[PDB]
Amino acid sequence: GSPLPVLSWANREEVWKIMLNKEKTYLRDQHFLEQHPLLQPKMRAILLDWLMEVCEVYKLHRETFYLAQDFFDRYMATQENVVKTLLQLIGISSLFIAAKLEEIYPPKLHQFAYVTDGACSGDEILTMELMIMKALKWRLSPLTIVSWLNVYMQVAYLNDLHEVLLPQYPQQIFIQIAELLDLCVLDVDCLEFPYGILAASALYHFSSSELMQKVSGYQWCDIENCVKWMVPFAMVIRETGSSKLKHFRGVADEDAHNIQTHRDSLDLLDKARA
């Protein structure tokens, strides 16, 4: 189904079908690490968690991190046999491509080499960003996990006057659902479920199946498998509590929720495995 209201600028069904049709263009394999026998699934969590902290330091958007995550997972599905020391270069270069795509004033190249503590030079990043973009066939415009949550939050707080392009939803509850998604993305088995399913399943754990269905259009049977998989991750967030909306100097308060944050986590991803 389609949860979008009647759109004045295009057919509400057409815009939704286009967003759905491109999800079939972007493939994900939850077992792409079997192509790299030397790697373990925990290394991916350590890298993605590091990229989160890098985003918060430079106040990068959540969309920028999830672009780097998607570029990393899809580039690995095209490669074979990768060593641990090469993971940091692929990750920081995926974030370099993502920052140049999303940010208005992105950080400079040497700053991306600066956070690597010298393990990656500026020329190494430029060589890696070209190999990533060429291997991905320059398919660098995916619908991230966090982008779906932005859609679901706008539809949840749609007024009777249907205007879906101007943002209007509580920032406090948005960052709480993003916190659950930031944990689930550290586990590689999330790629089994589509990005739109993961975001709807995280929204369900903070709301209900009726609210989820009204804003995502997906039936309960579609997300039940994902919800049952997201079960351990949801409770670890509930046991520790919900996070507060931070304020970032230089960032307007109306955009404060879109800034990527970082909690220690990691240990939380291990509690979910039990």
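By rigid core we mean the largest C-alpha set that fits within 1.5 Å across both forms. Position 1 is the first residue in the sequence shown; the rest follow in order.
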> So if we fit everything on the core, which stretch drifts more in 7 other deposited structures of this protein, 168-176 or 108-116, C-alphas only?
Replying inline: 168-176
> Checking the other PDB entries with both flanking residues built, is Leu161 absent in a third or more?
Replying inline: yes
> Looking only at CA atoms, which has the higher mean B factor in the entry: 25-33 or 65-73?
Replying inline: 25-33
>> If you take the mean CA temperature factor per stretch, which one wins between 106-114 and 142-150?
In response: 106-114
> Going by the deposited entry, which of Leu38, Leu211, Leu48, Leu60 has the highest CA temperature factor?
Replying inline: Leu38
> Which one, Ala135, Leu95, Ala199, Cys120, has the peak C-alpha temperature factor per the PDB entry?
Replying inline: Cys120
> For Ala10, does the deposited CA B-factor place it in the lowest, middle or highest third of the chain?
Replying inline: middle
> In terms of the chain's CA B-factor thirds, is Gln260 lowest, middle or highest?
Replying inline: lowest
>> When the deposited Cα B-factors of this chain's modelled residues are ordered and cut into thirds, is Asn225 in the lowest, the middle or the highest one?
In response: middle
> Hey, what third does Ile90 fall into on Cα B-factor, ranked over its chain?
Replying inline: middle
> How does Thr127 rank on Cα B-factor within its chain, lowest, middle or highest third?
Replying inline: middle
